[PDB]
file data_8.csv (CSV, C-alpha atoms and all ligand atoms)
chain,number,residue,atom,x,y,z
A,1,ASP,CA,111.7,72.4,87.4
A,2,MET,CA,108.4,74.3,87.7
A,3,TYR,CA,105.4,74.1,85.3
A,4,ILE,CA,101.9,75.6,85.1
A,5,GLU,CA,98.6,73.8,84.4
A,6,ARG,CA,95.3,75.6,83.8
A,7,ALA,CA,92.7,75.3,86.6
A,8,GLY,CA,89.8,77.5,85.6
A,9,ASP,CA,88.3,80.8,84.6
A,10,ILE,CA,88.4,83.8,86.9
A,11,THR,CA,84.7,84.5,87.6
A,12,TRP,CA,82.4,85.5,90.5
A,13,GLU,CA,80.1,82.6,91.5
A,14,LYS,CA,76.6,83.5,92.5
A,15,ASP,CA,75.6,81.4,95.5
A,16,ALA,CA,79.1,80.4,96.5
A,17,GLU,CA,79.7,79.0,100.0
A,18,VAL,CA,80.0,82.1,102.4
A,19,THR,CA,82.4,81.6,105.3
A,20,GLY,CA,85.2,83.4,107.3
A,21,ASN,CA,85.3,86.2,109.9
A,22,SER,CA,86.7,89.8,109.4
A,23,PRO,CA,89.4,90.4,112.1
A,24,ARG,CA,91.0,93.9,112.5
A,25,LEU,CA,94.7,93.2,113.3
A,26,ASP,CA,97.7,95.3,114.1
A,27,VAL,CA,100.5,93.9,111.9
A,28,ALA,CA,104.1,94.7,110.8
A,29,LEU,CA,105.8,93.7,107.5
A,30,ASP,CA,109.6,93.1,107.7
A,31,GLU,CA,112.2,93.4,104.9
A,32,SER,CA,111.8,89.6,104.2
A,33,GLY,CA,108.1,90.0,103.3
A,34,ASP,CA,107.0,88.2,106.5
A,35,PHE,CA,104.0,89.6,108.4
A,36,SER,CA,104.0,89.6,112.2
A,37,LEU,CA,101.4,90.5,114.9
A,38,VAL,CA,102.1,93.7,116.8
A,39,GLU,CA,100.9,93.5,120.5
B,1,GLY,CA,102.6,77.3,75.8
B,2,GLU,CA,99.1,78.1,77.2
B,3,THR,CA,98.6,81.9,77.4
B,4,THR,CA,94.8,81.9,78.0
B,5,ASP,CA,93.6,84.1,80.8
B,6,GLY,CA,92.7,82.2,84.0
B,7,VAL,CA,93.9,80.6,87.2
B,8,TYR,CA,96.8,78.0,87.0
B,9,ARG,CA,98.5,75.6,89.4
B,10,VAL,CA,102.3,75.9,89.8
B,11,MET,CA,103.7,72.4,90.0
B,12,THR,CA,107.1,70.8,90.5
B,13,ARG,CA,108.5,67.3,89.9
B,14,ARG,CA,111.7,67.8,92.0
B,15,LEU,CA,110.1,66.2,95.1
B,16,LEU,CA,107.9,62.9,95.3
B,17,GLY,CA,105.5,62.7,92.4
B,18,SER,CA,104.0,66.0,91.1
B,19,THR,CA,103.6,68.5,94.0
B,20,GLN,CA,101.7,71.7,93.8
B,21,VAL,CA,103.8,74.5,95.3
B,22,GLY,CA,101.3,77.3,94.5
B,23,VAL,CA,98.8,79.1,92.1
B,24,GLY,CA,98.9,82.1,89.8
B,25,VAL,CA,96.9,84.3,87.5
B,26,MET,CA,97.4,84.6,83.7
B,27,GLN,CA,96.0,88.0,82.5
B,28,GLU,CA,97.0,90.1,79.4
B,29,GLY,CA,99.8,87.6,78.6
B,30,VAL,CA,101.4,88.0,82.0
B,31,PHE,CA,101.6,85.3,84.7
B,32,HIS,CA,101.3,86.7,88.3
B,33,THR,CA,102.1,84.7,91.5
B,34,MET,CA,103.6,85.1,94.9
B,35,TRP,CA,107.5,85.3,95.2
B,36,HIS,CA,107.6,82.6,97.9
B,37,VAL,CA,105.9,80.2,95.4
B,38,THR,CA,108.7,80.2,92.7
B,39,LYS,CA,111.5,82.1,94.4
B,40,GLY,CA,111.8,84.0,91.1
B,41,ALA,CA,112.7,80.8,89.1
B,42,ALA,CA,111.8,80.3,85.4
B,43,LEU,CA,108.5,78.4,84.6
B,44,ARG,CA,107.5,75.9,82.0
B,45,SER,CA,104.1,76.0,80.2
B,46,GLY,CA,104.1,72.9,77.9
B,47,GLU,CA,107.1,73.4,75.6
B,48,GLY,CA,107.2,77.2,76.3
B,49,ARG,CA,109.3,79.1,78.9
B,50,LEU,CA,108.1,81.9,81.2
B,51,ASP,CA,110.9,84.2,82.4
B,52,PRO,CA,110.5,86.4,85.4
B,53,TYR,CA,110.1,90.1,84.5
B,54,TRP,CA,109.5,91.9,87.8
B,55,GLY,CA,109.7,90.7,91.4
B,56,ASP,CA,109.9,92.0,95.0
B,57,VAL,CA,110.5,89.9,98.1
B,58,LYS,CA,109.0,92.5,100.4
B,59,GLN,CA,105.6,92.7,98.5
B,60,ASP,CA,106.0,88.9,98.0
B,61,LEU,CA,105.0,89.2,94.3
B,62,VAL,CA,106.5,88.3,90.9
B,63,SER,CA,105.3,88.6,87.3
B,64,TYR,CA,106.4,86.6,84.2
B,65,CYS,CA,106.5,87.7,80.5
B,66,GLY,CA,105.7,91.4,81.2
B,67,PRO,CA,104.9,93.9,83.9
B,68,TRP,CA,102.3,93.4,86.8
B,69,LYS,CA,98.8,93.9,85.2
B,70,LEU,CA,96.4,93.5,88.2
B,71,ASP,CA,95.2,96.9,89.6
B,72,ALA,CA,91.7,96.3,91.0
B,73,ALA,CA,91.4,97.2,94.7
B,74,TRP,CA,89.1,96.0,97.5
B,75,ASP,CA,86.5,98.8,98.1
B,76,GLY,CA,86.8,98.4,101.9
B,77,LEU,CA,83.1,97.5,102.3
B,78,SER,CA,82.0,94.6,100.1
B,79,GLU,CA,82.3,90.8,100.3
B,80,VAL,CA,84.9,89.2,97.9
B,81,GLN,CA,85.6,85.7,96.8
B,82,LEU,CA,88.7,83.6,97.2
B,83,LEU,CA,89.0,81.5,94.1
B,84,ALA,CA,90.8,78.7,96.0
B,85,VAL,CA,92.8,76.2,93.9
B,86,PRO,CA,93.9,73.6,96.6
B,87,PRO,CA,96.5,70.8,95.8
B,88,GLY,CA,94.7,67.9,94.0
B,89,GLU,CA,91.3,69.5,94.3
B,90,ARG,CA,89.0,71.4,91.9
B,91,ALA,CA,89.0,75.3,91.8
B,92,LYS,CA,86.3,76.5,94.2
B,93,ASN,CA,84.9,80.1,95.0
B,94,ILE,CA,84.6,81.0,98.7
B,95,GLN,CA,82.8,84.2,99.6
B,96,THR,CA,83.9,86.2,102.7
B,97,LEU,CA,83.9,89.7,104.2
B,98,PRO,CA,87.6,90.8,104.5
B,99,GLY,CA,89.0,92.0,107.8
B,100,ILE,CA,91.8,94.6,108.0
B,101,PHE,CA,95.6,94.4,108.5
B,102,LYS,CA,96.6,97.8,110.1
B,103,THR,CA,100.2,98.7,109.5
B,104,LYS,CA,102.5,101.8,110.1
B,105,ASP,CA,102.2,102.4,106.3
B,106,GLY,CA,98.4,102.0,106.0
B,107,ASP,CA,95.6,99.5,106.1
B,108,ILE,CA,95.3,96.4,103.8
B,109,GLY,CA,92.3,94.0,103.4
B,110,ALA,CA,92.7,90.5,104.9
B,111,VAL,CA,90.9,87.2,104.4
B,112,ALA,CA,90.5,84.7,107.2
B,113,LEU,CA,90.3,81.5,105.2
B,114,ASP,CA,92.6,78.4,105.8
B,115,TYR,CA,94.0,76.4,103.0
B,116,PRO,CA,97.2,74.2,102.4
B,117,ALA,CA,100.4,76.3,101.7
B,118,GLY,CA,100.3,75.1,98.1
B,119,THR,CA,97.1,77.2,97.6
B,120,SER,CA,99.4,80.4,97.8
B,121,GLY,CA,98.8,82.7,94.8
B,122,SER,CA,95.0,81.9,94.5
B,123,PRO,CA,93.2,85.1,93.4
B,124,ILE,CA,90.8,87.2,95.5
B,125,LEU,CA,88.0,88.6,93.3
B,126,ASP,CA,85.6,91.5,93.5
B,127,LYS,CA,81.9,91.2,92.3
B,128,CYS,CA,83.0,92.2,88.7
B,129,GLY,CA,85.4,89.2,88.5
B,130,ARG,CA,88.4,91.5,88.8
B,131,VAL,CA,91.5,90.3,90.8
B,132,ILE,CA,92.0,92.6,93.7
B,133,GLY,CA,95.0,90.6,95.1
B,134,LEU,CA,96.5,87.1,95.8
B,135,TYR,CA,96.1,84.8,98.8
B,136,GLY,CA,99.0,83.3,100.7
B,137,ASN,CA,101.1,85.9,102.7
B,138,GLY,CA,99.8,86.6,106.2
B,139,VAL,CA,99.9,85.7,109.8
B,140,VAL,CA,98.8,83.1,112.5
B,141,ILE,CA,96.6,84.6,115.2
B,142,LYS,CA,96.0,83.7,118.9
B,143,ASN,CA,93.8,80.6,118.2
B,144,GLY,CA,96.2,79.1,115.7
B,145,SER,CA,94.1,79.9,112.6
B,146,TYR,CA,95.5,81.7,109.5
B,147,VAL,CA,94.7,85.2,108.1
B,148,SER,CA,96.1,86.2,104.7
B,149,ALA,CA,96.7,89.8,103.4
B,150,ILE,CA,94.9,90.7,100.2
B,151,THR,CA,98.3,91.2,98.4
B,152,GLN,CA,98.1,93.5,95.3
B,153,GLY,CA,100.9,94.9,93.0
B,154,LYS,CA,101.1,98.2,91.2
B,155,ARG,CA,100.3,98.4,87.5
B,156,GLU,CA,103.0,100.9,86.1
C,1,LIG,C1,100.2,98.4,101.3
C,1,LIG,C2,101.1,97.4,102.0
C,1,LIG,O1,102.4,97.4,101.3
C,1,LIG,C3,102.4,97.3,99.9
C,1,LIG,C4,102.6,98.3,99.1
C,1,LIG,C5,102.5,98.1,97.7
C,1,LIG,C6,102.3,96.9,97.2
C,1,LIG,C7,102.2,95.8,98.0
C,1,LIG,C8,102.2,96.0,99.4
C,1,LIG,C9,102.1,94.8,100.3
C,1,LIG,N1,102.1,93.9,100.9
C,1,LIG,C10,101.4,97.9,103.4
C,1,LIG,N2,102.3,97.2,104.1
C,1,LIG,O2,100.9,98.9,103.9
C,2,LIG,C1,100.3,79.0,108.6
C,2,LIG,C2,100.8,78.9,107.2
C,2,LIG,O1,99.7,78.5,106.4
C,2,LIG,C3,99.5,79.1,105.1
C,2,LIG,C4,100.5,79.6,104.4
C,2,LIG,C5,100.2,80.1,103.1
C,2,LIG,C6,99.0,80.0,102.6
C,2,LIG,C7,98.0,79.5,103.4
C,2,LIG,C8,98.2,79.0,104.6
C,2,LIG,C9,97.2,78.5,105.5
C,2,LIG,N1,96.3,78.1,106.1
C,2,LIG,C10,102.0,77.9,107.1
C,2,LIG,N2,101.9,76.9,106.2
C,2,LIG,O2,103.0,78.1,107.8
call {"tool": "encode", "arguments": {"input": "data_8.csv", "output": "structure tokens", "more": "lines below"}}
Ligand SMILES: C[C@@H](Oc1ccccc1C#N)C(N)=O
Ligand SMILES: C[C@H](Oc1ccccc1C#N)C(N)=O
result
Amino acid sequence: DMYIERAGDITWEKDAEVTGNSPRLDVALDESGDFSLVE
Amino acid sequence: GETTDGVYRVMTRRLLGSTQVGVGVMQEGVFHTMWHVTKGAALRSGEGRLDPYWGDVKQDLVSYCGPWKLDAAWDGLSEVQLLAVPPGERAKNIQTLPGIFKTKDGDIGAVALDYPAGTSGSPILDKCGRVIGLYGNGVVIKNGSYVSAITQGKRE
């Protein structure tokens, strides 16, 4: 049985940790909602 | 139960102890999460019950108590923040410049940030604090790292 618990406000944080790259990828989305890489 | 706007953990007691299966957003009295998190099951909030209202396996989204309310979109240029809520850890904002998933039906923003699967449903925000989508449905690339789509619904 699933339950929810509050974890915070939804707010932009000034000076948050900045990380992650920005890849441009060719992808396909199937009927099951699963993404796959097209190559 | 609790209906205050904000980010919430989706928990279960079916397995060992209390396990976090995902995350969601409460906005305008509607709870929003990814379909793979709940599989469309009812949810509990204290003594109250949340029934599914709308869902779609292909979009991998579901809303509870009313229709999908989130309609902000990534502008295709600016940095965004993932408000990551990892299992057993405090909510934390992470800023990033999204990449792009290019599909036969158009382009979608993507965030290359890696978190446990139980972080699925954490919101991605624009600079105004608006939810432009949820984290947790994506792909594994050449190196083995994860890239999630910026998954957004449609506000009817
Ligand atoms: C835009 C995207 O498909 C969607 C359309 C509407 C709502 C959600 C999604 C997803 N995921 C695509 N594959 O191009
Ligand atoms: C590779 C995939 O990982 C995720 C799934 C959903 C959300 C985040 C991640 C990550 N990181 C899995 N567990 O199969």
call {"tool": "residues_near_ligand", "arguments": {"input": "data_8.csv", "ligand": "ligand LIG 1 (chain C)", "cutoff": "8 Å", "atoms": "all atoms listed in the file", "output": "list in words"}}
result
residues 28, 29 and 33 of chain A; 58, 59, 60, 102, 103, 104, 105, 106, 107, 108, 149, 150, 151, 152, 153 and 154 of chain B
call {"tool": "closest_residue", "arguments": {"input": "data_8.csv", "among": "B:69, B:92, B:36, B:9", "to": "ligand LIG 2 (chain C)", "atoms": "only C-alpha atoms and all ligand atoms"}}
result
B:36
call {"tool": "residues_near_ligand", "arguments": {"input": "data_8.csv", "ligand": "ligand LIG 2 (chain C)", "cutoff": "8 Å", "atoms": "all atoms listed in the file", "output": "list in words"}}
result
residues 113, 114, 115, 116, 117, 118, 119, 120, 135, 136, 137, 138, 139, 140, 145, 146, 147 and 148 of chain B
call {"tool": "atom_distance", "arguments": {"input": "data_8.csv", "atom1": "CA of residue 30 (chain B)", "atom2": "CA of residue 62 (chain B)"}}
result
10.3 Å
call {"tool": "closest_residue", "arguments": {"input": "data_8.csv", "among": "B:100, B:72, B:91, B:131", "to": "residue 6 (chain A)", "atoms": "all atoms listed in the file"}}
result
B:91
call {"tool": "residues_around", "arguments": {"input": "data_8.csv", "residues": "region 43-51 of chain B", "least_positions_apart": "2", "cutoff": "8 Å", "atoms": "all atoms listed in the file", "output": "JSON, numbers by chain"}}
result
{"A": [1, 2, 3, 4, 5], "B": [1, 2, 41, 53, 64, 65]}
call {"tool": "residues_around", "arguments": {"input": "data_8.csv", "residues": "residue 89 (chain B)", "least_positions_apart": "4", "cutoff": "10 Å", "atoms": "only C-alpha atoms", "output": "PDB file with C-alpha atoms, in the coordinates of the input"}}
result
ATOM      1  CA  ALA A   7      92.700  75.300  86.600  1.00  0.00           C
TER       2      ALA A   7
ATOM      3  CA  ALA B  84      90.800  78.700  96.000  1.00  0.00           C
ATOM      4  CA  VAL B  85      92.800  76.200  93.900  1.00  0.00           C
TER       5      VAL B  85
END
call {"tool": "atom_distance", "arguments": {"input": "data_8.csv", "atom1": "CA of residue 37 (chain A)", "atom2": "CA of residue 87 (chain B)"}}
result
27.9 Å
call {"tool": "closest_residue", "arguments": {"input": "data_8.csv", "among": "B:25, B:94, B:77, B:134", "to": "chain A", "atoms": "only C-alpha atoms"}}
result
B:94
call {"tool": "atom_distance", "arguments": {"input": "data_8.csv", "atom1": "CA of residue 127 (chain B)", "atom2": "CA of residue 75 (chain B)"}}
result
10.6 Å
call {"tool": "residues_near_point", "arguments": {"input": "data_8.csv", "point": "(87.5, 82.8, 87.2)", "cutoff": "10 Å", "atoms": "only C-alpha atoms", "output": "list in words"}}
result
residues 7, 8, 9, 10, 11, 12 and 13 of chain A; 5, 6, 7, 25, 83, 91, 92, 93, 123, 124, 125, 129, 130 and 131 of chain B
call {"tool": "closest_residue", "arguments": {"input": "data_8.csv", "among": "A:38, A:22, A:31, A:16", "to": "residue 82 (chain B)", "atoms": "all atoms listed in the file"}}
result
A:16
call {"tool": "closest_residue", "arguments": {"input": "data_8.csv", "among": "B:28, B:156, B:56, B:71", "to": "chain A", "atoms": "only C-alpha atoms"}}
result
B:56
call {"tool": "build_atoms", "arguments": {"input": "data_8.csv", "residues": "region 10-31 of chain A", "atoms": "N, CA, C and O atoms", "output": "PDB file, in the coordinates of the input"}}
result
ATOM      1  N   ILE A  10      88.507  82.954  85.789  1.00  0.00           N
ATOM      2  CA  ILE A  10      88.400  83.800  86.900  1.00  0.00           C
ATOM      3  C   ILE A  10      87.045  84.525  86.828  1.00  0.00           C
ATOM      4  O   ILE A  10      86.837  85.384  85.968  1.00  0.00           O
ATOM      5  N   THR A  11      86.088  84.058  87.628  1.00  0.00           N
ATOM      6  CA  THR A  11      84.700  84.500  87.600  1.00  0.00           C
ATOM      7  C   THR A  11      84.036  84.498  88.959  1.00  0.00           C
ATOM      8  O   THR A  11      84.305  83.606  89.758  1.00  0.00           O
ATOM      9  N   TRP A  12      83.179  85.494  89.249  1.00  0.00           N
ATOM     10  CA  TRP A  12      82.400  85.500  90.500  1.00  0.00           C
ATOM     11  C   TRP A  12      81.304  84.434  90.417  1.00  0.00           C
ATOM     12  O   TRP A  12      80.637  84.323  89.391  1.00  0.00           O
ATOM     13  N   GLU A  13      81.139  83.614  91.461  1.00  0.00           N
ATOM     14  CA  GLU A  13      80.100  82.600  91.500  1.00  0.00           C
ATOM     15  C   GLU A  13      78.937  83.032  92.324  1.00  0.00           C
ATOM     16  O   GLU A  13      79.085  83.177  93.539  1.00  0.00           O
ATOM     17  N   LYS A  14      77.747  83.180  91.712  1.00  0.00           N
ATOM     18  CA  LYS A  14      76.600  83.500  92.500  1.00  0.00           C
ATOM     19  C   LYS A  14      76.210  82.322  93.361  1.00  0.00           C
ATOM     20  O   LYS A  14      76.261  81.192  92.866  1.00  0.00           O
ATOM     21  N   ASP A  15      75.932  82.538  94.650  1.00  0.00           N
ATOM     22  CA  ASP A  15      75.600  81.400  95.500  1.00  0.00           C
ATOM     23  C   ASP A  15      76.779  80.500  95.831  1.00  0.00           C
ATOM     24  O   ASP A  15      76.645  79.273  95.841  1.00  0.00           O
ATOM     25  N   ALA A  16      77.943  81.103  96.076  1.00  0.00           N
ATOM     26  CA  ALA A  16      79.100  80.400  96.500  1.00  0.00           C
ATOM     27  C   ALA A  16      78.965  80.147  98.012  1.00  0.00           C
ATOM     28  O   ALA A  16      78.159  80.828  98.672  1.00  0.00           O
ATOM     29  N   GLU A  17      79.743  79.222  98.585  1.00  0.00           N
ATOM     30  CA  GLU A  17      79.700  79.000 100.000  1.00  0.00           C
ATOM     31  C   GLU A  17      80.289  80.292 100.713  1.00  0.00           C
ATOM     32  O   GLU A  17      81.300  80.819 100.277  1.00  0.00           O
ATOM     33  N   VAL A  18      79.550  80.855 101.679  1.00  0.00           N
ATOM     34  CA  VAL A  18      80.000  82.100 102.400  1.00  0.00           C
ATOM     35  C   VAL A  18      80.545  81.685 103.734  1.00  0.00           C
ATOM     36  O   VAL A  18      79.807  81.125 104.540  1.00  0.00           O
ATOM     37  N   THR A  19      81.837  81.978 104.012  1.00  0.00           N
ATOM     38  CA  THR A  19      82.400  81.600 105.300  1.00  0.00           C
ATOM     39  C   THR A  19      83.551  82.641 105.702  1.00  0.00           C
ATOM     40  O   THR A  19      83.792  83.579 104.969  1.00  0.00           O
ATOM     41  N   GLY A  20      84.156  82.487 106.872  1.00  0.00           N
ATOM     42  CA  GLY A  20      85.200  83.400 107.300  1.00  0.00           C
ATOM     43  C   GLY A  20      84.805  84.586 108.082  1.00  0.00           C
ATOM     44  O   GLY A  20      83.784  85.202 107.765  1.00  0.00           O
ATOM     45  N   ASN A  21      85.591  84.956 109.098  1.00  0.00           N
ATOM     46  CA  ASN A  21      85.300  86.200 109.900  1.00  0.00           C
ATOM     47  C   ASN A  21      86.087  87.368 109.301  1.00  0.00           C
ATOM     48  O   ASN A  21      86.703  87.234 108.236  1.00  0.00           O
ATOM     49  N   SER A  22      86.015  88.556 109.927  1.00  0.00           N
ATOM     50  CA  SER A  22      86.700  89.800 109.400  1.00  0.00           C
ATOM     51  C   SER A  22      87.500  90.464 110.505  1.00  0.00           C
ATOM     52  O   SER A  22      87.181  91.557 110.940  1.00  0.00           O
ATOM     53  N   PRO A  23      88.592  89.837 110.963  1.00  0.00           N
ATOM     54  CA  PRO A  23      89.400  90.400 112.100  1.00  0.00           C
ATOM     55  C   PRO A  23      90.114  91.692 111.744  1.00  0.00           C
ATOM     56  O   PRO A  23      90.596  91.823 110.626  1.00  0.00           O
ATOM     57  N   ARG A  24      90.225  92.623 112.707  1.00  0.00           N
ATOM     58  CA  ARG A  24      91.000  93.900 112.500  1.00  0.00           C
ATOM     59  C   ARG A  24      92.267  93.658 113.354  1.00  0.00           C
ATOM     60  O   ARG A  24      92.186  93.553 114.575  1.00  0.00           O
ATOM     61  N   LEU A  25      93.412  93.505 112.683  1.00  0.00           N
ATOM     62  CA  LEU A  25      94.700  93.200 113.300  1.00  0.00           C
ATOM     63  C   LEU A  25      95.773  94.185 113.153  1.00  0.00           C
ATOM     64  O   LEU A  25      95.969  94.663 112.051  1.00  0.00           O
ATOM     65  N   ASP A  26      96.550  94.455 114.204  1.00  0.00           N
ATOM     66  CA  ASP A  26      97.700  95.300 114.100  1.00  0.00           C
ATOM     67  C   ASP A  26      98.887  94.473 113.638  1.00  0.00           C
ATOM     68  O   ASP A  26      99.245  93.516 114.327  1.00  0.00           O
ATOM     69  N   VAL A  27      99.459  94.766 112.461  1.00  0.00           N
ATOM     70  CA  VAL A  27     100.500  93.900 111.900  1.00  0.00           C
ATOM     71  C   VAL A  27     101.749  94.760 111.454  1.00  0.00           C
ATOM     72  O   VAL A  27     101.652  95.967 111.210  1.00  0.00           O
ATOM     73  N   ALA A  28     102.907  94.088 111.358  1.00  0.00           N
ATOM     74  CA  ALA A  28     104.100  94.700 110.800  1.00  0.00           C
ATOM     75  C   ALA A  28     104.633  93.822 109.697  1.00  0.00           C
ATOM     76  O   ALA A  28     104.421  92.616 109.701  1.00  0.00           O
ATOM     77  N   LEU A  29     105.268  94.433 108.705  1.00  0.00           N
ATOM     78  CA  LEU A  29     105.800  93.700 107.500  1.00  0.00           C
ATOM     79  C   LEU A  29     107.313  93.969 107.525  1.00  0.00           C
ATOM     80  O   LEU A  29     107.753  95.137 107.452  1.00  0.00           O
ATOM     81  N   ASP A  30     108.114  92.902 107.671  1.00  0.00           N
ATOM     82  CA  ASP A  30     109.600  93.100 107.700  1.00  0.00           C
ATOM     83  C   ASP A  30     110.193  93.079 106.252  1.00  0.00           C
ATOM     84  O   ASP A  30     109.486  92.820 105.262  1.00  0.00           O
ATOM     85  N   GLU A  31     111.499  93.333 106.153  1.00  0.00           N
ATOM     86  CA  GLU A  31     112.200  93.400 104.900  1.00  0.00           C
ATOM     87  C   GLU A  31     112.132  92.045 104.119  1.00  0.00           C
ATOM     88  O   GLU A  31     112.126  92.049 102.894  1.00  0.00           O
TER      89      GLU A  31
END
